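First, one chain by itself: the form deposited without its partner chain, in structure tokens.
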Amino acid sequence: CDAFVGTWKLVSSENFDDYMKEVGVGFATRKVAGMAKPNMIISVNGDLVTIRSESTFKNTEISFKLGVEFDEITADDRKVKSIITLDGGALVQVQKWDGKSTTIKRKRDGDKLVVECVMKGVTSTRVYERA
């Protein structure tokens, strides 16, 4: 888990407006969210992992234990059930709500944190680097 610890700044985004659309995100929300360029701050305190996201759009924060399901209000205000695991060296988050799901894979790849989000066939990719 310590490989993910640090402050990370957005470096690139691809197909994100398409992903948010499949999730159900509204037009005006999709617009300011794409313009954000947020900083992802990941920390660990004992067995508790915290993933914070900061921008002018929104500031969210989840705190969780690996493999323990938790309630989460997403940045676009969906109420979901979330489970995060360590799986092939990546942090894999599955979010479930209203019979649907999406998967948010966070992995290391050289000096980059690579976040890929999938929702029944629509994939977006966001690369972060160390701020």
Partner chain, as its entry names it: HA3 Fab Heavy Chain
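Numbering follows the first chain given and starts at 1.
If you look for the form deposited with its partner chain bound, you will not find it shown, but the lines that follow are about it.
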Exercise. Though only this chain appears here, would residue 102 touch its partner chain in the bound PDB entry if you measure heavy atom gaps against 4.5 Å?
Worked result: no
Problem set entry | Contact flag, residue 95 vs its partner chain in the bound PDB entry, heavy atom cut 4.5 Å | no
Exercise. Is residue 118 close enough to its partner chain in the bound PDB entry to count, meaning some heavy atom within 4.5 Å?
Worked result: no
Exercise. Does residue 23 reach its partner chain in the bound PDB entry, with heavy atoms at most 4.5 Å apart?
Worked result: yes
Exercise. Which residues within 1-39 place at least one heavy atom within 4.5 Å of its partner chain in the bound PDB entry?
Worked result: 23, 24, 25, 26, 27, 28, 29, 31, 32, 35
